[PDB]
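Okay, so here's just one chain, in structure tokens, the form deposited in one PDB entry.
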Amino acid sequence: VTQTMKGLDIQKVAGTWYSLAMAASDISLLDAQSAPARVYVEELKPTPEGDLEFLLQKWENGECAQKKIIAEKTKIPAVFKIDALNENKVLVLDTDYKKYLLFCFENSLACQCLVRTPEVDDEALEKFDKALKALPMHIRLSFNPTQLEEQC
């Protein structure tokens, strides 16, 4: 992954979002409701220090569990580091702030198309497909408006 957003201002991404589409380097990252990269973004919360907190939903033991991840700022404004056993980077590819945001979790690679409103946005999905060009993706999922409003 090399296309990160030039000039990102995370103070303009705060609020509630919907995971519209998802793609991963391995089928087993996304295939099951319980698969590792199968996490729905509920909220983005930039911190005053310029870190990016994610509020996630995960299907866990047959219900929808909430999880908080803190992605710490780096020298590069569109690149954040998650403290974990192995370094996990968050790469923000693109956003127009008002409608859609595209990002990737990189160890294995899992990317998402987020939208502000729970409707299918064909422009956002076209931009997601362009940004995914040449990434080693083996699985892609997209959700209908019904699924966007449902827990997980």
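Residue numbers here begin at 1 and follow the sequence given.
- The entry shows an unbroken chain from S28 to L29, with no unmodelled residues of the deposited sequence in between.
- Here 57-65 and 87-95 are compared by their mean Cα B-factor, and 57-65 comes out higher.
- As recorded in the PDB entry, 41-49 is the stretch of 41-49 and 109-117 with the greater mean C-alpha temperature factor.
- Among the modelled residues of its chain, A124 has a C-alpha B-factor that falls in the middle third according to the deposited record.
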